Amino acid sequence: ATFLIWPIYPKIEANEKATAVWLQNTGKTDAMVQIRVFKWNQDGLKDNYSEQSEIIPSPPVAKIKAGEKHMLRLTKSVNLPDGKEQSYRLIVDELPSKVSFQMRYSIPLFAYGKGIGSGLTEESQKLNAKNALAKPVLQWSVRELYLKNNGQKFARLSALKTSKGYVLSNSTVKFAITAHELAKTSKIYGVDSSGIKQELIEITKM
């Protein structure tokens, strides 16, 4: 089946009780989906998921007829820890000699505590301007290339340049590699799409 998913980068601000993701069956046949939210971290240089009770999806199961647009509600159970960005994945499982396909769609979901925001709105931009750590702060080293985020916000990098995926907050991520090109400078640069527009951020050597 065919789905339009909007927005693809949902988030819940500190002052917001819930957000909405819209699922529309843009196809000709009916579809049945399961909606789940898992907590997301990058401990041990790997993406880890786990059951969680902070963000509640509604409904957990939905029959989406052809053409029908459904509103998925993502509700915060309680307020989140101050000044911190929580990471989640929203999982949409499409339920059904030949081998057939079962589609699973995964999009990031971020939720904020007091004092930090997404930076996708004026309100949250003025918030993060008062916070020195409300941004990705990436350091790099070579073992493969390691990226350590010391800021309170995630980075989403499309490319790395010697001259001008996800790295969650307070996390270190490993990438396969350019190593001599790495050992030839001190700062590299990454194209980050975590904010309102693509921007180069400075990555300093560890």
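In this text, residue numbers run from 1 along the sequence as written.
Do a third or more of the other compared PDB entries fail to give coordinates for residue 185?
It is, since residue 185 is left out of at least a third of the other entries that model both flanking stretches.
Quick one: is residue 164 left out in at least a third of the other entries we compared?
In at least a third of the comparable entries (those modelling both sides of it), residue 164 has no coordinates.
Does the entry skip any residues of the deposited sequence between residue 164 and residue 165, and if so, is it 1 to 3, 4 to 9, or 10 or more, or none at all?
The entry leaves 10 or more residues without coordinates here.
Counting only residues of the deposited sequence, how many between residue 46 and residue 47 have no atoms in the entry (none, 1 to 3, 4 to 9, 10 or more)?
The entry has no gap there; residue 46 and residue 47 are joined directly.
Could you check which stretch, 126-134 or 113-121, carries the larger mean CA temperature factor in the entry?
According to the entry, 126-134 carries the higher average C-alpha B-factor.
Comparing average C-alpha B factors as deposited, tell me which of 155-163 and 26-34 sits higher.
So the stretch with the higher mean C-alpha B-factor is 155-163.
Between 58, 42, 149, 178, which one tops the list for C-alpha B-factor in the PDB entry?
Result of the comparison over 58, 42, 149, 178: 178.
Can you work out whether the C-alpha temperature factor of residue 11 puts it in the lowest, middle or highest third of the chain?
According to the entry, residue 11 has a C-alpha B-factor in the chain's lowest third.
Relative to the other modelled residues of the same chain, rank the CA B-factor of residue 84 and answer lowest, middle or highest third.
Middle third by C-alpha B-factor.
Would you mind checking where the Cα B-factor of residue 75 ranks among the modelled residues of its chain, as the lowest, middle or highest third?
Within its chain, residue 75 is a lowest-third residue by C-alpha B-factor, going by the deposited values.
Taking the C-alpha B-factors as the PDB entry records them, is residue 168 in the lowest, middle or highest third of its chain?
Ranked within chain, residue 168 CA B lands in the lowest tercile.
Going by the CA temperature factor in the PDB record, which third of the chain does residue 64 belong to: lowest, middle or highest?
Lowest third of the chain for residue 64's C-alpha B-factor.
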